[PDB]
């Protein structure tokens, strides 16, 4: 529980230090979620998954992907932006659109399922700008305190003595751009992959190949994007 336990317990060691400036804020978000339940409102993902993106090592991140907020439909969000459990079908529409761009860009077959944990295990941070949502109500937790947390995460990544490539999908993700100003960081921005915006420039954006080009141009290893 993020109200009750500290970052050293909740997240990976490097992330716990990176998020020190927002330690009180994370506890406050735990208190917000408690109050939602007390009032009879729900949230997604499950409490134990809210900080999941920060359970993969901070020092290993080479690319971050940033979306808006978790999937609104119960049974979809798992704490890793855009990912679903390997037994979910049909895929969420945003994810189907991501995978159509993945095939168009990379030439790979469609993935077997919607589980993006291989990316997380290969140095991709799968972050949402806001880390909870009320069911059925996209953006319902915008402005409730998560933005300071995810801002802190990006600044800390950007401060490391390492290259970083950010892929910012949609308007709320784009508000992290200022924090990526330093010369070791590069940002790719496009419209969000949901059907409401994907046809404004997400399709054809080739983010995966571009990210790898950028990493190689900074002396870093490219991501193996191939999903099984």
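Whichever C-alpha set is largest while still superposing within 1.5 Å between the two forms counts as the rigid core. Numbering follows the first chain given and starts at 1.
Farther on average from this form in 9 other deposited structures of this protein lies stretch 169-177, the comparison being between 169-177 and 56-64 by RMS Cα distance after core superposition. Put simply, when the other structures in 9 other deposited structures of this protein are lined up on the rigid core, the C-alpha atoms of 200-208 lie farther off than those of the other stretch, from 200-208 and 8-16. Higher mean CA temperature factor between 40-48 and 58-66: 40-48, per the PDB entry. Look at the C-alpha B-factors of 198-206 and of 178-186. On average they run higher in 178-186. Of the residues listed, 146, 82, 108, 99, the entry assigns the biggest Cα temperature factor to 108.
Across 153, 139, 125, 131, the entry's maximum B-factor at the CA atom is seen for 139. Residue 211: CA B factor in the lowest third of modelled residues in this chain (values from the PDB entry). Ranked by C-alpha B-factor against the other modelled residues of its chain, residue 162 falls in the highest third. Looking at the C-alpha B-factors along this chain, the one for residue 94 belongs to the middle third.
Annotation for residue 103: C-alpha temperature factor in the middle third relative to the rest of the modelled chain, per the entry.
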